[PDB]
Amino acid sequence: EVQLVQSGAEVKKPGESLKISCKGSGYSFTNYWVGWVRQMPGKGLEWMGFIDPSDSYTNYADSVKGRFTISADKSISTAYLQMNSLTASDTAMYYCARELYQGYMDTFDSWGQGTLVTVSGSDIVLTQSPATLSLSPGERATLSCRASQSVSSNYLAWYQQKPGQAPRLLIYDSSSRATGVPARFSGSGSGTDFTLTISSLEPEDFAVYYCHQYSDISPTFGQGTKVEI
Amino acid sequence: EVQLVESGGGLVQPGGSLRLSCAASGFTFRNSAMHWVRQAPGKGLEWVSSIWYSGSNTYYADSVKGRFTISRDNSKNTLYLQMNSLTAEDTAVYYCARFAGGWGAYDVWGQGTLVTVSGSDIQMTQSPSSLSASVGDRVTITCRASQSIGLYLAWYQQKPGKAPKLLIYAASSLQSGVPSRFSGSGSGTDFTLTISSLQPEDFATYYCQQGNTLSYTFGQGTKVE
Amino acid sequence: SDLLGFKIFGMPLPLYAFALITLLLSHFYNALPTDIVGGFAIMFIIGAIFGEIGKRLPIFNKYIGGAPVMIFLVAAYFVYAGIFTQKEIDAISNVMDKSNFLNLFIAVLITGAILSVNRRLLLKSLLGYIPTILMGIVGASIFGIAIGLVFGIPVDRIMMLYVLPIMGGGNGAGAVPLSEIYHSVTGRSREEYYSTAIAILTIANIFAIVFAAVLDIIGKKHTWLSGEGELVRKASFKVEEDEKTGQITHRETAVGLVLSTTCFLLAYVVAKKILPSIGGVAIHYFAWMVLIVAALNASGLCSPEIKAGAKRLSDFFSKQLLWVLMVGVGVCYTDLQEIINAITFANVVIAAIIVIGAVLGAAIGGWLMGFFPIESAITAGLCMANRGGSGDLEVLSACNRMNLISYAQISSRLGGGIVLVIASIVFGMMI
Amino acid sequence: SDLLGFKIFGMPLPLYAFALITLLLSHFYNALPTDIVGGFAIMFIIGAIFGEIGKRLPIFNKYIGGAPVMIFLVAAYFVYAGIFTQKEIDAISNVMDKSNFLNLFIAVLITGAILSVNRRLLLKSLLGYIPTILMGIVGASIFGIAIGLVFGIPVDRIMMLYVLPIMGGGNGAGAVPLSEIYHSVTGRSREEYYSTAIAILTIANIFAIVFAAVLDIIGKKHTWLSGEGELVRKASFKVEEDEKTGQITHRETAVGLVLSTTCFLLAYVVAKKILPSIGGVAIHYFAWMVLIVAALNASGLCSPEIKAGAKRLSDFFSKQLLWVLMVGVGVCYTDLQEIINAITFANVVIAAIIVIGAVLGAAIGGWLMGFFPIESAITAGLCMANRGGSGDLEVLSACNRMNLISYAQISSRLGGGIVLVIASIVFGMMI
Amino acid sequence: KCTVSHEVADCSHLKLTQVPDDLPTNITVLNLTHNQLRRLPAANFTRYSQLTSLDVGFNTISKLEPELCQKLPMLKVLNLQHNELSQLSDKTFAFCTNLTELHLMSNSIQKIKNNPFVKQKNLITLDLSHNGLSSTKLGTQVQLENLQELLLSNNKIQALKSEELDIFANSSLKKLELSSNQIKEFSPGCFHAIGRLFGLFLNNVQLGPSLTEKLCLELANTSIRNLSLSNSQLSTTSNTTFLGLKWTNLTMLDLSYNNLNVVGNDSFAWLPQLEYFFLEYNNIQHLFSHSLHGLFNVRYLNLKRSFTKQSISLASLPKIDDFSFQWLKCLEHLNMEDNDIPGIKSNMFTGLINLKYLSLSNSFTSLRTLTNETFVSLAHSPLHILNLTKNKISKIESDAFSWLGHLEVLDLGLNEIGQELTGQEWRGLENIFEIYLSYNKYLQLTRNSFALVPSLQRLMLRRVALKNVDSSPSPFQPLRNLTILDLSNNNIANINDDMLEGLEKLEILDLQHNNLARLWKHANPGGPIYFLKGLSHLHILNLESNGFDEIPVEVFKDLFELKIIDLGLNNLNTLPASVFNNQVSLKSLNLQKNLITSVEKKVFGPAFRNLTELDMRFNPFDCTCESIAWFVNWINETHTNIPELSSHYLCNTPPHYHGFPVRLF
Ligand SMILES: *[C@@H]1O[C@H](CO)[C@@H](O)[C@H](O)[C@H]1NC(C)=O
Ligand SMILES: *[C@@H]1O[C@H](CO)[C@@H](O)[C@H](O)[C@H]1NC(C)=O
Ligand SMILES: *[C@@H]1O[C@H](CO)[C@@H](O)[C@H](O)[C@H]1NC(C)=O
Ligand SMILES: *[C@@H]1O[C@H](CO)[C@@H](O)[C@H](O)[C@H]1NC(C)=O
């Protein structure tokens with residue numbers, strides 16, 4: 001006889017409010033508290049709070065601190081849960097439950113059917129073919145970097161970073177050079193293909209090298225190849 | 001030519017708020033756009049946000065949108081980054097750089113600071129982590145708690161494709177009306193859960209919750225069968 | 001003469017010794033500002049002494065333009081030997097590439113050239129210009145395939161590696177697009193193609209410089225062949241229309257520069273945003289320069305005095321600042337290491353044959369429709385074969401003819417576009 | 001029909017409208033090359049439009065200063081208002097912080113100003129004329145510090161922000177280099193320095209014209225005070241016996257640029273490596289350059305032909321390109337709030353006192369030096385405390401003395417570097 | 001192996017058959033339990049001749065040397081546990097008359113000598129167990145007047161004989177033990193050929209109503225005061241079963257675990273006085289009114305598990321006739337724990353006078369609510385303590401405690417209580433001091449809460465989920481005599497200033513496991529909430545695990561008597577300085593599992609003055625000498641107790657001494 005019905009599944013934009021209705025039947029609904037439990041995808045289950053339908057008296061968990069509101073209306077005999085400001089990482093599953101206080105310890109006798117809410121690029125994707133290197137000083141690095149789609153105006157960059165420090169700039173445009181860089185590094189390529197070749201390495205020149213593009217207002221980084229001996 | 005962060009840092013609990021500051025003493029700080037870039041330990045570089053001179057235009061990375069705030073003060077050659085609703089994965093070293101446009105993209109860097117994510121629960125743990133028991137077997141689920149709970153343990157079972165709806169133990173050594181053949185025991189900090197003989201229907205994940213405090217905290221994923 | 005009566009770049013020796021001592025001190029003590037104010041010093045000092053030397057070598061003065069070529073070679077030899085330090089290399093790179101001094105130079109010369117023409121005679125000459133280069137490409141191809149047959153090299157490789165890459169616009173435009181199209185269509189490696197083409201083009205560029213110098217001597221020998229700086233050859237159009245102007249004050253001369261800078265911005269904006277491509281062809285931004293300036297001249301907005309002032313400003317750049325620019329051209333856009341590594345007999349012979357065949361074809365085409373044969377070869381067949389705008393500058397400086405830069409630039413940019421089209425077609429067609 | 005015939009920057013209106021259209025379009029579409037060409041393109045238009053309005057304004061032009069002041073004021077106001085696109089700011093700052101065009105400008109002005117002095121005149125001035133200027137400076141200094149003590153202003157501020165900038169050669173040469181030296185020696189911000197200095201300079205310029213003819217009236221009262229028309233008392237007669245060649249070639253003019261770049265390189269090397277400090281105080285590179293150029297003039301190695309050429313080139317930078325530089329000067333240096341905060345009654349009485357102090361010193365010195373007192377001031381402290389050469393024709397016009405133009409030019413030009421040296425010395429010593 | 005040299009010789013689990021000979025003489029007690037030894041060497045014991053006690057346990061020794069105890073007669077107590085010897089002679093006991101106690105445990109002596117204890121008469125206690133006998137003849141003559149206790153447990157004695165017990169006619173045994181001995185028959189008059197027998201205990205002996213009725217007649221005219229019997233299989237009782245006992249005067253009785261069912265009327269009319277009586281673990285189905293008639297002098301009674309287990313299928317319903325307690329005019333202590341009485345009638349307790357303690361925990365199967373007159377039967381008793389927990393009550397009506405004025409301790413926690421407290425339920429309460437109400441579901445608060453009872457002193461409210469708690473008028477306002485208050489685990493959120501005012505004698509407060517972090521945050525609208533005021537007597541405060549991250553400095557201004565305070569498990573990282581100034585005498589502190597990083601003497605100016613104990617066993621320390629300098633130095637120079645100082649006080653945060661004890665620094 002006891003039953004619970006929730007609202008339907010939903011997907012939308014970060015930065016919104018949303019309401020969920022938890023309705024039940026088979027009992028007075030004016031005597032037993034109602035609480036909400038949230039389960040992240042493939043995670044445990046966590047408590048937020050509960051409300052007393054008699055007078056809409058509420059208690060929230062430490063993790064809520066606003067951003068979530070619990071409400072109900074006596075006439076409809078339905079519970080309402082709303083998150084006011086919604087953002088990323090809030091995607092999970094939601095349920096509503098009714099306490100029974102079996103024995104001397106509170107127990108959630110009935111659980112709601114279930115509600116799923118997910119908050120969900122056209123961006124350049126940077127992929128580098130070689131993963132790591134291990135050669136003697138005399139050789140060519142022939143490092144490479146591939147892009148998702150066309151990059152206009154040949155906007156590209158290359159950085160290096162020795163361990164435990166900030167990176168350093170080597171090739172600010174697709175072909176030009178910085179000031180302090182020596183004359184063995186040299187970049188080329190255009191469109192969606194680029195390279196970076198080293199004339200002859202030296203013991204000082206083993207570190208991680210990256211791939212950076214700055215065409216649009218959405219900067220994107222590639223991964224860093226490794227260079228060893 | 002010196003650019004430095006030297007701000008914030010330390011260990012912050014989830015939901016914490018931290019403020020980061022940057023100082024530049026080598027160039028004309030005004031009339032130059034600044035950027036924030038972080039790199040997670042063992043991970044690659046990543047853009048965070050950027051701002052024009054005069055702060056007319058502001059843009060954020062998608063991941064941290066809506067919880068981060070950036071501001072600058074030209075009069076003090078100083079940059080501020082405001083962080084709210086901190087989460088666990090947001091542990092990295094944070095750098096600030098100068099975007100110079102065509103004449104070099106990221107010319108000058110700063111020595112970034114390290115910010116790492118670090119309470120009031122009855123910590124609950126399930127030891128066996130058992131999997132794939134044959135039919136008719138005997139299973140044992142034990143319990144461990146940070147603070148002693150007196151006969152205030154409860155058990156819940158979840159079907160893999162459904163929410164639990166399964167109250168098998170009201171209190172220790174208690175049984176609801178519907179289920180049968182499940183045995184539970186234990187007291188104080190430790191407890192034991194046993195099924196006399198496994199059955200084909202007896203193949204599902206389990207959960208445990210504490211009631212000594214109104215906090216009503218549940219346990220992490222229990223045995224899955 | 002006298003031990004103190006000799007002149008260097010228009011200066012007496014003791015004065016020059018002062019600057020030479022300054023340069024030597026700076027080089028030895030390794031202290032140098034890396035910016036514009038330090039860039040001119042090294043350039044001026046080297047160029048003065050060497051350009052003075054090359055004008056006096058007995059056999060090298062006539063058959064070769066002495067200074068403009070030998071300075072270019074000597075700068076490259078120095079940069080090969082690592083005699084230069086790092087900082088002055090950085091400074092020269094700064095003045096030549098980062099600040100795009102070359103672009104300003106080319107724009108000023110173009111504006112000074114075009115605006116000094118009679119408006120009525122502008123377009124009539126233009127009509128027959130294109131077919132000359134059109135058939136010149138064919139003449140080059142004939143000799144190229146002939147020499148490929150002679151060496152038995154497969155002809156597909158001939159066009160794919162030599163004929164098309166050499167005829168292209170240059171490294172920035174005419175080389176990278178070729179590699180991109182090559183990789184996109186045949187699906188092979190892109191780097192190796194770009195590796196050999198970049199050396200083949202310079203190899204042929206050197207020969208292009210030498211052949212042009214030889215042609216100038218032939219022009220002195222035969223009066224009929226020489227155009228003495230004339231293109232249409234008819235040279236019979238009435239030039240009675242003339243307007244006297246007032247003394248060009250400094251303000252008028254400065255205005256030319258203003259126009260030469262504004263037109264460049266207009267062309268760049270147009271070619272980058274408004275009309276990126278006509279049909280399926282991309283258009284380089286210098287291409288729109290000529291059309292815009294010609295339209296401005298046609299509209300008759302400018303008084304005759306502005307044109308005269310721009311003429312004098314271009315004249316000033318043409319004869320005093322030229323020796324400075326060549327040093328940078330050698331230093332930044334010429335690597336001797338690569339041409340040394342890839343030097344070989346067969347490649348040199350093939351490249352030399354290709355250029356001379358192209359020259360013959362261009363001369364034929366110029367004769368057929370009535371241009372002067374020699375000027376039809378300098379502007380068409382040489383300027384298109386060379387390495388981009390720098391190549392055109394060197395070629396025109398070799399033969400001492402600054403008055404045809406416009407046609408050279410047209411043949412460069414439009415020629416490169418046409419070659420991109422031809423490659424796009426034939427590369428798929430044969431493969 | 002004044003709508004057809006009114007000229008802007010030597011240009012008819014429709015051409016300028018066409019030029020402005022390009023800038024508006026580029027601002028709309030947000031596309032711009034960041035280099036020298038892109039820089040000049042947007043500086044020239046703004047400078048031209050905002051300079052003609054300043055020049056053709058009744059009260060502003062003659063007294064406040066004219067174009068450059070209001071030009072950089074408008075530039076600063078746009079910057080404060082946040083109108084410029086980020087790309088525009090980058091392109092403006094690039095040609096002044098990475099290409100360092102300012103250094104080239106300053107070096108050219110210094111060398112062109114100094115080198116034009118006649119060798120014989122320079123040597124004759126070395127006897128008793130220069131000490132008049134020096135003691136005028138020192139006499140102004142004591143009254144300046146005394147009256148600064150009256151209002152409780154600390155010694156260092158008076159000696160660094162009120163005596164030096166007033167006793168200079170205008171913002172073209174006399175203010176910007178002072179700011180660069182101030183940044184070099186101390187290391188604090190430089191915006192404050194130039195912002196607070198330019199105001200006082202203009203304020204003094206007015207007072208200069210004020211007492212200009214006031215002294216003339218006092219001379220009319222009693223010649224016993226001073227003789228009129230003659231620099232020296234009981235001055236004798238002599239023969240100029242000058243001789244120069246009128247023709248100047250484009251090559252002769254270019255030589256001037258080579259000399260200017262060379263002197264700067266020698267100065268950088270001597271200060272950085274040959275001598276870190278002459279004594280316990282370091283010397284800025286600019287100060288060394290002034291002495292080096294003077295040595296070349298003293299030697300007389302250069303021909304009279306060369307001396308004239310550098311005068312012409314320095315006359316091209318100071319009459320055409322100044323408007324282009326001044327915009328960037330406003331952009332990267334000015335802080336508007338300081339200008340407003342710099343206007344107060346103390347700030348207008350301090351400059352009034354210091355100018356009077358200057359006049360007194362030079363006057364007594366001239367009588368001691370034998371020169372007639374009245375001229376011993378006008379041509380020694382009055383004409384020396386102006387906006388460089390621009391305001392020198394004005395003070396002389398205020399009185400009935402056109403015969404002292406040579407001495408006035410000597411004063412302004414040659415003191416344009418002495419003050420630089422003294423300022424470097426003071427900055428080193430006091431701080 | 002070693003012995004504590006404290007006049008004793010303890011040697012256990014050393015399993016050696018040769019006694020040590022290095023023992024100093026001046027010790028005087030010995031033990032050799034949990035050891036195996038062959039026989040007693042008297043020579044080894046001769047060097048040290050001082051032993052008041054000697055113990056041998058789990059030691060199997062076939063014989064004893066008679067000469068050792070004559071050598072050492074100051075021995076007074078001797079132990080023989082788990083020995084192989086089962087037949088000993090008086091030869092070993094010939095000169096051993098000086099012992100006062102002898103232990104014979106698990107020695108399995110199936111038979112002893114004829115007269116082995118004629119020598120000794122001074123001993124008080126002798127115990128025998130795990131020993132099989134069927135005859136109790138230990139001496140043909142009367143002797144041993146000085147013995148008070150004899151134990152015969154774990155014996156197979158079957159029948160007792162009159163001729164056997166004549167031995168101690170001259171003696172007066174205080175108590176005899178015969179349990180764990182299967183005894184079937186008793187010779188008549190056997191108990192009379194002996195001195196006064198004061199106490200007799202008989203447990204786990206199968207008698208039955210008939211045989212007890214026989215033996216009850218055997219017990220006429222005896223000085224017995226204490227009779228004990230349990231698990232005697234007495235399902236029911238008759239009046240004649242207790243008839244022969246009418247000729248003696250018993251004082252104590254016990255009938256536990258006998259599984260009794262039904263008692264006839266007036267089965268207890270023979271005892272005017274029985275001050276203590278126990279009745280537990282019996283299956284009683286019905287009680288009669290006159291069953292318990294005659295018991296006037298009673299002070300203590302229990303009925304735990306002493307009724308029928310309720311079964312509606314059986315529908316037994318163990319019922320009690322009212323006025324059955326009208327015969328008990330002296331009862332002071334009663335125990336009704338954990339039974340299944342259906343409900344409270346109206347006249348159970350009519351007549352009770354002296355009652356002072358009464359327990360009804362888990363005593364009723366169904367008591368849903370309290371009525372106007374549910375306790376009317378308790379009008380005429382000055383009860384002091386009442387116990388009503390685990391009773392699954394549901395709601396309380398007002399004006400139920402009108403009868404009770406004298407009560408001072410009330411316990412109602414651990415039930416199912418949810419309602420709103422009107423305050424009218426406290427009408428008759430006058431002398432109440434303490435009330436427990438923790439472990440309930442919910443309560444709704446009003447200002448009209450405790451106006452009737454400002455005489456209270458302690459109130460426990462733990463895990464009750466109160467409602468209307470943040471009301472501006474403090475519901476505790478009428479109360480001023482409170483001493484200790486607890487509100488832990490309620491996870492309350494918002495707090496007003498006004499609850500803590502007007503109270504001065506509050507000794508201890510407890511508020512742990514609650515959510516009050518926001519109220520002292522600096523950015524709090526209205527600023528930090530300062531509810532700490534008027535408290536000049538607080539000595540102990542507890543605020544564990546409340547999420548605190550900031551402490552305003554002005555909260556301890558009124559706290560001059562605080563002695564112990566805890567703030568562990570919170571989220572504190574750094575505290576403001578000069579905050580313990582008013583804390584004149586702090587003796588302990590706890591900040592373990594916080595995020596405290598640095599130790600700086602400026603904040604610990606008044607803190608590190610004088611302490612007894614402090615604990616921060618787990619904290620992200622930066623073990624570098626900028627801050628740890630004092631703490632490392634202070635530890636090496638301080639006497640204050642710091643447990644696990646090295647065990648759990650390391651530093652992993654900084655590379656410096658990474659994962660290394662901070663003390664080492
Ligand atoms: C018991 O031994 C003590 C010590 O030797 C002695 O004083 C006492 O008289 C003895 N008692 C008897 C009754 O032998
Ligand atoms: C109790 O025992 C008998 C029989 O009831 C009685 O005569 C005697 O006085 C009482 N003894 C004591 C010690 O009260
Ligand atoms: C309950 O008690 C109240 C108060 O004494 C009384 O007025 C009422 O009549 C009682 N009800 C019954 C049923 O006795
Ligand atoms: C209860 O508190 C009040 C107010 O402090 C006080 O006057 C009264 O004496 C106290 N009563 C007792 C019994 O302590």
# chains A, B, ... in the order shown; residues from 1 in each chain; ligands from 1
>>> calpha_fit_rmsd(fixed="chain C", moving="chain D")
7.0 Å
>>> residues_near_ligand(ligand="ligand 3", cutoff="9 Å", atoms="only C-alpha atoms and all ligand atoms", output="list in words")
residues 371, 372, 373, 399, 400 and 402 of chain E
>>> write_last_selection(atoms="N, CA, C and O atoms", output="JSON list (two decimals), in the first residue's frame")
[["chain", "number", "residue", "atom", "x", "y", "z"],
["E", 371, "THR", "N", -2.19, 8.78, 31.86],
["E", 371, "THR", "CA", -3.51, 9.35, 32.04],
["E", 371, "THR", "C", -3.56, 10.22, 33.29],
["E", 371, "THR", "O", -2.55, 10.41, 33.99],
["E", 372, "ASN", "N", -4.75, 10.76, 33.58],
["E", 372, "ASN", "CA", -4.94, 11.56, 34.78],
["E", 372, "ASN", "C", -4.69, 10.74, 36.04],
["E", 372, "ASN", "O", -4.03, 11.21, 36.98],
["E", 373, "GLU", "N", -5.20, 9.51, 36.07],
["E", 373, "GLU", "CA", -5.28, 8.72, 37.29],
["E", 373, "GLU", "C", -4.54, 7.39, 37.18],
["E", 373, "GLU", "O", -4.80, 6.48, 37.98],
["E", 399, "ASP", "N", -1.07, 16.58, 34.31],
["E", 399, "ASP", "CA", -1.67, 16.31, 35.61],
["E", 399, "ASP", "C", -1.72, 14.80, 35.89],
["E", 399, "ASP", "O", -2.76, 14.25, 36.25],
["E", 400, "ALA", "N", -0.58, 14.15, 35.70],
["E", 400, "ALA", "CA", -0.44, 12.73, 36.02],
["E", 400, "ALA", "C", 0.35, 12.48, 37.29],
["E", 400, "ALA", "O", 0.17, 11.44, 37.92],
["E", 402, "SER", "N", 0.20, 14.26, 40.11],
["E", 402, "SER", "CA", -0.38, 15.02, 41.21],
["E", 402, "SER", "C", -0.09, 14.34, 42.55],
["E", 402, "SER", "O", 0.20, 15.01, 43.54]]
>>> interface_residues(of="chain C", to="chain D", cutoff="6 Å", atoms="only C-alpha atoms", output="PyMOL selection string")
chain C and resi 22+35-37+41+99+261-262+266
>>> write_last_selection(atoms="N, CA, C and O atoms", output="tab-separated table (two decimals), in the first residue's frame")
chain	number	residue	atom	x	y	z
C	22	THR	N	85.13	51.37	-32.25
C	22	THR	CA	83.97	51.15	-31.39
C	22	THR	C	83.42	49.74	-31.57
C	22	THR	O	83.15	49.03	-30.59
C	35	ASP	N	68.44	45.40	-29.35
C	35	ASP	CA	67.26	46.14	-29.79
C	35	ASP	C	67.63	46.91	-31.05
C	35	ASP	O	68.72	46.73	-31.60
C	36	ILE	N	66.73	47.78	-31.50
C	36	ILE	CA	66.92	48.49	-32.76
C	36	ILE	C	68.15	49.39	-32.70
C	36	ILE	O	68.95	49.43	-33.64
C	37	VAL	N	68.31	50.13	-31.60
C	37	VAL	CA	69.35	51.16	-31.56
C	37	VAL	C	70.73	50.55	-31.71
C	37	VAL	O	71.66	51.20	-32.21
C	41	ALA	N	74.08	49.71	-35.91
C	41	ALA	CA	75.52	49.94	-35.84
C	41	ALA	C	76.29	48.85	-36.59
C	41	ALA	O	77.08	49.14	-37.49
C	99	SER	N	60.38	42.96	-36.05
C	99	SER	CA	59.83	44.27	-36.34
C	99	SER	C	59.41	44.45	-37.80
C	99	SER	O	58.86	45.50	-38.14
C	261	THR	N	51.88	53.43	-45.10
C	261	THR	CA	51.50	52.64	-43.94
C	261	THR	C	50.01	52.37	-43.85
C	261	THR	O	49.62	51.26	-43.48
C	262	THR	N	49.17	53.35	-44.18
C	262	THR	CA	47.73	53.14	-44.08
C	262	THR	C	47.22	52.12	-45.09
C	262	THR	O	46.38	51.27	-44.75
C	266	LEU	N	44.95	48.63	-44.50
C	266	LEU	CA	43.72	48.35	-45.23
C	266	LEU	C	43.79	47.01	-45.94
C	266	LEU	O	42.88	46.18	-45.84
>>> closest_residue(among="E:62, E:158, E:477, E:588", to="ligand 4", atoms="only C-alpha atoms and all ligand atoms")
E:477
>>> residues_around(residues="residue 306 in chain E", least_positions_apart="3", cutoff="7 Å", atoms="only C-alpha atoms", output="list in words")
residues 279, 280, 281, 282, 283, 284 and 303 of chain E
>>> interface_residues(of="chain B", to="chain A", cutoff="7 Å", atoms="only C-alpha atoms", output="list in words")
residues 44, 45, 46, 47, 66, 104, 105, 107, 109, 111, 152, 165, 167, 170, 211, 216, 217, 218, 220 and 221 of chain B
>>> interface_residues(of="chain E", to="chain B", cutoff="9 Å", atoms="only C-alpha atoms", output="CSV table (one decimal) with N, CA and C atoms, in the first residue's frame")
chain,number,residue,atom,x,y,z
E,462,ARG,N,19.9,14.0,25.5
E,462,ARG,CA,20.9,13.5,24.5
E,462,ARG,C,20.2,12.8,23.4
E,463,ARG,N,20.4,13.2,22.1
E,463,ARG,CA,19.8,12.6,20.9
E,463,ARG,C,18.3,12.5,21.0
E,464,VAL,N,17.7,13.7,21.1
E,464,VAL,CA,16.2,13.8,21.3
E,464,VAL,C,15.6,14.6,20.2
E,465,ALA,N,16.3,15.3,19.4
E,465,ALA,CA,15.8,16.1,18.3
E,465,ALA,C,14.7,17.1,18.8
E,488,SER,N,24.2,16.9,24.0
E,488,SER,CA,25.1,16.4,22.9
E,488,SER,C,24.3,15.7,21.8
E,489,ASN,N,24.9,15.5,20.7
E,489,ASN,CA,24.5,14.7,19.6
E,489,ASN,C,23.2,15.2,18.9
E,490,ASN,N,22.6,16.3,19.4
E,490,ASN,CA,21.4,16.8,18.8
E,490,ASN,C,21.6,17.5,17.5
E,491,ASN,N,22.8,17.8,17.1
E,491,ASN,CA,23.1,18.4,15.8
E,491,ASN,C,22.3,19.7,15.6
E,513,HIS,N,29.2,16.7,19.1
E,513,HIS,CA,28.5,16.2,17.9
E,513,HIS,C,27.4,17.0,17.4
E,514,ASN,N,27.5,18.3,17.6
E,514,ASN,CA,26.5,19.2,17.1
E,514,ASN,C,27.1,20.2,16.0
E,515,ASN,N,26.2,20.9,15.3
E,515,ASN,CA,26.6,21.7,14.2
E,515,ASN,C,26.3,23.1,14.5
E,544,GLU,N,33.5,18.7,21.6
E,544,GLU,CA,34.2,17.8,20.6
E,544,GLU,C,33.3,17.8,19.3
E,545,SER,N,34.0,17.7,18.2
E,545,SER,CA,33.4,17.4,16.9
E,545,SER,C,32.2,18.2,16.6
E,546,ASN,N,32.5,19.5,16.4
E,546,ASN,CA,31.4,20.5,16.0
E,546,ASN,C,31.8,21.3,14.8
E,547,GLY,N,32.9,21.0,14.1
E,547,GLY,CA,33.2,21.8,12.9
E,547,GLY,C,33.8,23.1,13.1
E,569,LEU,N,38.8,16.8,17.3
E,569,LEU,CA,38.0,16.4,16.2
E,569,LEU,C,37.3,17.5,15.5
E,570,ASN,N,37.6,18.8,15.8
E,570,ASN,CA,37.1,19.9,15.1
E,570,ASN,C,38.0,20.2,13.9
E,571,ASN,N,37.8,21.4,13.3
E,571,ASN,CA,38.5,21.8,12.1
E,571,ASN,C,39.4,23.0,12.4
E,593,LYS,N,43.7,15.3,16.2
E,593,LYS,CA,42.9,15.1,14.9
E,593,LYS,C,42.3,16.4,14.4
E,594,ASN,N,42.9,17.5,14.8
E,594,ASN,CA,42.6,18.8,14.3
E,594,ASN,C,43.6,19.1,13.1
E,595,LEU,N,43.6,20.3,12.6
E,595,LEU,CA,44.6,20.7,11.6
E,595,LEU,C,45.5,21.8,12.2
E,620,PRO,N,48.8,18.1,11.3
E,620,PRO,CA,49.8,18.4,10.2
E,620,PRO,C,50.9,19.4,10.7
>>> interface_residues(of="chain B", to="chain D", cutoff="10 Å", atoms="only C-alpha atoms", output="ChimeraX atom specification")
/B:25,27-28,30-33,52-56,100-103
>>> residues_near_ligand(ligand="ligand 2", cutoff="8 Å", atoms="only C-alpha atoms and all ligand atoms", output="PDB file with C-alpha atoms, in the first residue's frame")
ATOM      1  CA  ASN E 221      13.233 -25.739  66.599  1.00  0.00           C
ATOM      2  CA  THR E 222      16.436 -24.554  64.907  1.00  0.00           C
ATOM      3  CA  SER E 223      18.477 -21.362  65.076  1.00  0.00           C
ATOM      4  CA  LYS E 246       6.925 -22.632  61.934  1.00  0.00           C
ATOM      5  CA  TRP E 247       9.072 -23.695  64.921  1.00  0.00           C
ATOM      6  CA  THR E 248      12.076 -21.595  63.846  1.00  0.00           C
ATOM      7  CA  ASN E 249      12.631 -17.925  62.963  1.00  0.00           C
ATOM      8  CA  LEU E 250      14.091 -17.453  59.483  1.00  0.00           C
TER       9      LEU E 250
END
>>> residues_around(residues="range 74-81 of chain B", least_positions_apart="4", cutoff="10 Å", atoms="only C-alpha atoms", output="PyMOL selection string")
chain B and resi 5+7-8+18-25+27-31+34-36+49+53-54+68-70+96
